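The structure under discussion appears below in the form of structure tokens.
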Amino acid sequence: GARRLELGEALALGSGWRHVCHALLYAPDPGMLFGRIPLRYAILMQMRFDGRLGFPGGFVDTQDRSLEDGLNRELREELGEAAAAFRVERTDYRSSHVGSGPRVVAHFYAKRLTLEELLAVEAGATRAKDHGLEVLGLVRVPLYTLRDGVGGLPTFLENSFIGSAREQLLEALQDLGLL
Amino acid sequence: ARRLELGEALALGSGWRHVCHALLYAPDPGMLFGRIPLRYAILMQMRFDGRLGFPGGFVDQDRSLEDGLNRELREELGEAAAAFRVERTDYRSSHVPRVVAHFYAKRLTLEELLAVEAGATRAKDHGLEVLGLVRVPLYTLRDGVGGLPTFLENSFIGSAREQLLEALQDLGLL
Ligand SMILES: Nc1ncnc2c1ncn2[C@@H]1O[C@H](COP(=O)(O)OP(=O)(O)OC[C@H]2O[C@@H](O)[C@H](O)[C@@H]2O)[C@@H](O)[C@H]1O
Ligand SMILES: Nc1ncnc2c1ncn2[C@@H]1O[C@H](COP(=O)(O)OP(=O)(O)OC[C@H]2O[C@@H](O)[C@H](O)[C@@H]2O)[C@@H](O)[C@H]1O
Ligand SMILES: [Mg+2]
Ligand SMILES: [Mg+2]
Ligand SMILES: [Mg+2]
Ligand SMILES: [Mg+2]
């Protein structure tokens with residue numbers, strides 16, 4: 001796996017390093033697939049332009065005052081105006097990893113929404129600036145395993161993921177709920 | 001999966017069930033990064049089981065394959081799917097539980113396709129049977145792997161990957 005960095009460590013890296021920020025947006029979901037399988041949470045990912053599943057967010061530049069401003073800017077471009085109903089903050093920060101690209105550090109955040117907030121993000125996503133360009137569409141992460149022992153989560157994890165998105169996902173699944 | 005003619009597939013026992021699915025596509029003059037022609041917007045969807053597939057479902061009280069296909073498309077995609085009708089002339093192939101999988105490709109305008117994406121979260125199956133729609137990237141990036149080739153490494157239901165690839169070449173979407 002990619003090297004874990006401390007946040008402070010990462011921010012003290014030279015001007016040549018680029019920082020990228022992504023967020024896992026999630027909300028409790030009381031629904032039940034087929035009326036019997038608890039969904040537990042609605043968690044959003046997206047199909048990226050490169051054919052991989054990822055988390056919304058993107059590069060932070062010099063014109064971004066903080067990691068969190070860059071992140072929220074990128075979420076707005078990628079998810080649309082309903083993203084503005086909330087702010088992902090330093091309290092939502094979970095991890096930093098050395099990126100595979102030359103001198104990239106990947107910061108990961110997890111942000112609890114209400115189901116109504118998450119729903120509004122989904123409903124407006126096709127109006128996002130990057131819908132149909134960087135973002136090919138949003139998908140929810142299935143948290144259940146189906147009665148055949150493979151359908152659902154284990155099969156979702158078999159898709160292609162960008163960077164550390166798979167690891168970032170699994171760690172949040174453990175950390176957060178008993179998912 | 002075993003290929004068969006439609007007339008062939010239509011003569012089978014009630015033991016046999018029929019499923020229909022559609023690839024909705026529209027020309028897209030856009031360019032990713034202002035540089036990469038997108039060519040077509042093609043819809044696929046992430047299913048409850050964590051696999052990519054095409055919208056559609058089991059034919060059942062359905063007068064024909066087509067009635068069954070559009071009935072299911074509306075349930076999965078929502079009201080904007082009622083703006084058009086997938087017909088026998090959009091038929092592509094049939095493939096053989098004892099289920100036979102019929103595959104259709106239906107051309108829309110970009111605006112009709114966009115309306116489908118825009119209303120899909122409202123659909124009956126959204127958040128349950130369907131986890132969200134995605135477009136199929138048709139370009140290959142400069143690294144020779146990003147885009148379609150990586151897309152095709154994802155998990156697919158049934159014959160979806162093969163039905164995709166046959167449509168991409170036969171309708172000359174590449
Ligand atoms: N979850 C992740 N974990 C680790 N690394 C990641 C993750 N997600 C992305 N990366 C890395 O960071 C890079 C940038 O992430 P994006 O989300 O794609 O950034 P964004 O600013 O939204 O746009 C990417 C830009 O890169 C150019 O290739 C292209 O012009 C595009 O505009 C990716 O190419 C990838 O290597
Ligand atoms: N593109 C495809 N090619 C071949 N087979 C397919 C394809 N898509 C689906 N199938 C198969 O057809 C069957 C059902 O397809 P769905 O699209 O899921 O049909 P729908 O009517 O929406 O089904 C309701 C769902 O309830 C679940 O209990 C059950 O697993 C079924 O998928 C499954 O056996 C699935 O493997
Ligand atoms: Mg971006
Ligand atoms: Mg991005
Ligand atoms: Mg269905
Ligand atoms: Mg279906």
Side-chain angles (χ1 to χ4, degrees), chain A residues 1-5 7 10 13 16-26 43-64 66-81 83-84 88 92-111 121 125-139 141 156-157 159-173 175, chain B residues 30-38 134-135 137 139-151:
Chain A
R3 185 158 45 280
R4 279 185 104 95
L5 286 185
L7 183 50
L13 295 168
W17 283 77
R18 303 151 87 202
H19 298 255
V20 73
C21 295
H22 305 90
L24 180 165
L25 311 178
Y26 68 102
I43 297 162
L44 299 177
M45 291 192 71
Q46 70 201 34
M47 175 62 68
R48 303 158 49 85
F49 72 95
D50 59 17
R52 298 166 179 285
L53 293 177
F55 289 106
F59 283 121
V60 180
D61 57 24
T62 22
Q63 287 147 109
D64 288 316
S66 73
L67 287 179
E68 287 70 28
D69 288 348
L71 170 60
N72 283 292
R73 182 190 43 72
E74 285 287 327
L75 293 183
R76 234 264 277 105
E77 297 173 13
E78 291 191 0
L79 304 172
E81 281 309 304
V88 179
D92 303 310
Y93 169 82
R94 303 236 350 293
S95 68
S96 301
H97 290 88
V98 173
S100 46
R103 272 130 69 251
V104 184
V105 51
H107 307 290
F108 193 66
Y109 295 78
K111 169 55 168 176
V121 169
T126 60
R127 297 193 301 282
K129 200 230 292 215
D130 260 297
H131 171 71
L133 290 166
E134 274 174 28
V135 175
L136 302 183
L138 306 185
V139 302
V141 180
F156 183 89
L157 302 173
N159 291 301
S160 320
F161 289 76
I162 186 65
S164 307
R166 184 184 298 95
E167 292 53 61
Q168 285 168 342
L169 176 57
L170 291 170
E171 193 180 309
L173 295 180
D175 278 357
Chain B
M31 303 196 179
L32 176 74
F33 312 138
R35 208 211 313 145
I36 307 173
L38 299 176
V134 306
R135 288 192 195 178
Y139 42 84
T140 290
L141 307 166
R142 280 157 174 166
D143 68 4
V145 165
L148 190 50
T150 306
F151 189 85

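Letters A, B, ... are given to chains in the order of the sequence lines, protein chains preceding strands, and every chain is numbered from 1. Scope of the values below: all heavy atoms of this structure, side chains included, with no hydrogens, waters or symmetry mates. In each ligand, atom 1 is the first atom listed, and ligand 1 is the first ligand listed.
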Let me see the working for A:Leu53 and A:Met47 under side-chain contact (heavy atoms from CB on, under 4.5 Å), right down to the final yes or no.
CA-CA 5 Å; A:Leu53 293 177; A:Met47 175 62 68; 3.9 Å; yes
I would like to know whether A:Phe55 and A:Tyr109 meet side-chain contact (heavy atoms from CB on, under 4.5 Å); could you show each step before the answer?
CA-CA 10 Å; A:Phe55 289 106; A:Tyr109 295 78; over 6 Å; no
Between A:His22 and A:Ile162, does a side-chain contact (heavy atoms from CB on, under 4.5 Å) hold up when you go through it step by step?
CA-CA 11 Å; A:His22 305 90; A:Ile162 186 65; over 6 Å; no
Between A:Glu171 and A:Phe108, does the side-chain contact (heavy atoms from CB on, under 4.5 Å) criterion hold? Intermediate values first, please.
CA-CA 11 Å; A:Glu171 193 180 309; A:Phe108 193 66; over 6 Å; no
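Contacts with ligand 1 closer than 4.0 Å are made by no heavy atom of A:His97, backbone or side chain.
Put simply, the residue from A:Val139, A:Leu136, A:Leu138 that forms a side-chain contact (heavy atoms from CB on, under 4.5 Å) with A:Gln46 is A:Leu138.
Considering only residues two or more places apart in sequence or on other chains, A:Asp50 meets the salt bridge (charged side-chain N to carboxylate O under 4.0 Å, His left out) condition with A:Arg48.
Distances from atom 11 (C) of ligand 1 to the protein include no heavy-atom value under 4.0 Å. Per-atom contact check: atom 29 (C) of ligand 1 touches the protein, criterion being a heavy-atom distance below 4.0 Å.
Nearest to atom 18 (O) of ligand 1 by heavy atom, out of A:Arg166, A:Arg48, A:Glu134, is A:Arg48. Looking at A:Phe49, A:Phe59, A:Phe161 and measuring to atom 21 (O) of ligand 1, the nearest heavy atom belongs to A:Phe59. When the heavy-atom distances from atom 8 (N) of ligand 1 to A:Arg52, A:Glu167, A:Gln168, A:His22 are ranked, the shortest goes to A:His22.
Ranking protein heavy atoms by distance to atom 27 (C) of ligand 1, first place goes to B:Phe33 CZ, 4.5 Å. Of the protein's heavy atoms, A:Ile162 CD1, 4.2 Å lies nearest to atom 36 (O) of ligand 1. With hydrogens left out, the protein atom closest to atom 19 (O) of ligand 1 is A:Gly58 CA, 3.5 Å, a heavy atom. Nearest protein neighbour of atom 5 (N) of ligand 1, counting heavy atoms only, is A:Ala106 CB, 3.7 Å. Protein heavy atom nearest atom 15 (O) of ligand 1, with residue, atom name and distance: A:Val20 CG2, 3.6 Å. Counting only heavy atoms of the protein, atom 3 (N) of ligand 1 lies nearest to A:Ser164 N, 3.2 Å.
Note on residues 52-64 of chain A: pairs passing salt bridge (charged side-chain N to carboxylate O under 4.0 Å, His left out), not counting sequence neighbours, are A:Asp64-A:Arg73.
In this structure, the side chain of B:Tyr139 does not engage the main chain of B:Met31 through any donor-acceptor pair within 3.5 Å.
Between A:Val105 and A:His107, the shortest heavy-atom contact is CG2-CE1, 3.6 Å. Between A:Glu74 and A:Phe59 the shortest heavy-atom distance is OE2-O, 3.5 Å. Heavy atoms only, all atoms of each residue included: A:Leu157 and A:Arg166 are closest at O-NE, 3.1 Å.
Considering backbone and side-chain atoms alike, A:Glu78 places an N or O below 3.5 Å from some N or O of ligand 1.
Looking only at N/O/S atoms, A:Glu78 comes nearest to the Mg ion (ligand 4) through OE2. Of all N/O/S atoms in A:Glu134, OE1 sits nearest the Mg ion (ligand 3).
Using 4.0 Å as the threshold, A:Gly57 has a heavy atom nearer than that to some atom of ligand 1.
Using a cut-off of 2.8 Å, one finds that A:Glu74 contributes an N/O/S atom close to the Mg ion (ligand 3). The Mg ion (ligand 4) does not have A:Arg48 among its coordinating residues (no N/O/S atom, backbone or side chain, under 2.8 Å).
The contact set between ligand 1 and A:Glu74, taken as ligand atoms under 4.0 Å from a residue heavy atom, comprises 21 (O), 22 (O).
Atom-to-atom distance recorded for A:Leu67:CG and A:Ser96:OG is 7.5 Å, nearest 0.5 angstrom.
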